[PDB]
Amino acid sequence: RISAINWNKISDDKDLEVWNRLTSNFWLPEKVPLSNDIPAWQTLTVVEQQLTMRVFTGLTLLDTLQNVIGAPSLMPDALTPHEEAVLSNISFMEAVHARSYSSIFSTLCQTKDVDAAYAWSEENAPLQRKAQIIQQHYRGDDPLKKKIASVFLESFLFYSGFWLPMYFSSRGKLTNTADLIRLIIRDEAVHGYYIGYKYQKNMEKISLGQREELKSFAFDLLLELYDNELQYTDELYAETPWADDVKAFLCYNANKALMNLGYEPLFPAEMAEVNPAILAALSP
């Protein structure tokens, strides 16, 4: 029995709060003047251009996954009808995220190079392993593990890729592309918060023992994904001196992802020190 949704009978105020934040933050890549980044693109080295296309084809795969499988997988596990609606928004915005990378490619890049980057991503072992691990949990029968995977993906792992446009922005390059990426981040910070909140709400009703099992699992999964992401970073950033900074940015964001789920930070300051210029690029 389907019943008419009633937004004047909210069970959890957070659903309305997040519905309003996400919907009022609607954007499309056409709203960003990406074409003004052409001169800056022309100042990048061939290696830097290749890196940018590989970073973005990787993010395209992962946002496609979030649209096709990730957000839909959370729908059967909603606590409220309003959460179901918010999840439909989240799924749609993942499609916008994925679409936006094509907007960047169309504006700035040569088709032959973009296609090479897509092929590179298809054959990249750590990227594919990441996709496989996350999908495995989305396809599984444990609702709580799906939420852990989603938060780790877009509040943590994505930041190996997000680092790059923030770095360019800090150098005065690809500033419009950086604006677009900040719109994606503005969504993902809220997605991680909300999905993490709902994880904790779900946990309120499970047993003490299962809570302990899930925390140990979250740790296991974080460490596995982290080690894999270090390998991905090494392979992506190979022809640059930037891998250490990317890794620090990963650790910094891993702490945020953990906190979204209600867990304490795992990464000490020494491992999570982000260049102030990068942090400034995130919050201009």
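Throughout, we count residues from 1 along the sequence that is shown.
Per the PDB record, of the two stretches 172 to 180 and 154 to 162, 172 to 180 carries the greater mean B-factor over its C-alpha atoms. Mean CA temperature factor is higher for 204 to 212 when stretches 190 to 198 and 204 to 212 are set side by side in the entry. Highest CA B-factor among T52, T240, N255, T64, as stated in the entry: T240.
In the PDB entry, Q231 places in the highest third of its chain by CA B-factor.
When the CA B factors of the chain's modelled residues are split into thirds, the value for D77 lands in the middle one. When the modelled residues of the chain are ordered by C-alpha B-factor, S106 sits in the middle third.
Ranked within its chain, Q128 lands in the middle third, by CA B factor from the PDB record. Ranked against the other modelled residues of its chain, the C-alpha B-factor of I134 as given in the entry falls in the middle third.
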